[PDB]
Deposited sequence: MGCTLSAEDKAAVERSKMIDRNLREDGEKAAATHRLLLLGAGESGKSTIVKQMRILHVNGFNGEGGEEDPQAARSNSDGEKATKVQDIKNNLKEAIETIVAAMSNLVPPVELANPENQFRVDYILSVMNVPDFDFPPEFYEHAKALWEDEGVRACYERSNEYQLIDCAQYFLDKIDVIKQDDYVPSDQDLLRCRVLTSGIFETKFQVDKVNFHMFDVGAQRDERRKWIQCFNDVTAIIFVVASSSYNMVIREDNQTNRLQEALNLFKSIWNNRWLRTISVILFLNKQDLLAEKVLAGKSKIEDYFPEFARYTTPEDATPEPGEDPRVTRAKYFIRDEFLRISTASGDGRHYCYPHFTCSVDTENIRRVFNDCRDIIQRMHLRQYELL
């Protein structure tokens, strides 16, 4: 047993650093961030703060979050997306101001209905509100000729307008939001949800929003296990 009892002992020292390393990785939450060129994704990254991927780290109430961004990749996403099937959440940034909203919605639909992404939740940031507030007050009704049903829409009851804010910008905002919720609440399963927020250009509260959405996500998963929801 000179050949043994030494290779058996070496395999046990390796197996305790494996369990010790996995202990630190169980207290960290990993996110996937998606946007476009027009969307102010860079400003959001900077506020929260030729390679394949970039990483950023932040800590809130002694909890740790890692957020990953895609760098030098090609235009076609259908193969390297499958690597992100066990993240806690996907953050989707949309510039709400070529019909670019239509293709943003198409990408959201493809993400929602894809297999191996059917159990992951989305936090939606509808960026650049001041541009919309300035544009809709100067007779630029791109919604009216890119989305005909906007002619048949009225403000919902659960709207919470900010003080000193015109009704027209409110209708525009809630129309664009209901466009995403129509897809979100159509072909779900009960296993993932959507969390929309209205975001300005440079803000200081998105970190609390990410914290709260992740906490709600985990609470809902647990409550679904216990047959209480």
What stretches of this chain's deposited sequence are missing C-alpha coordinates? 1 to 5, 55 to 196, 245 to 255
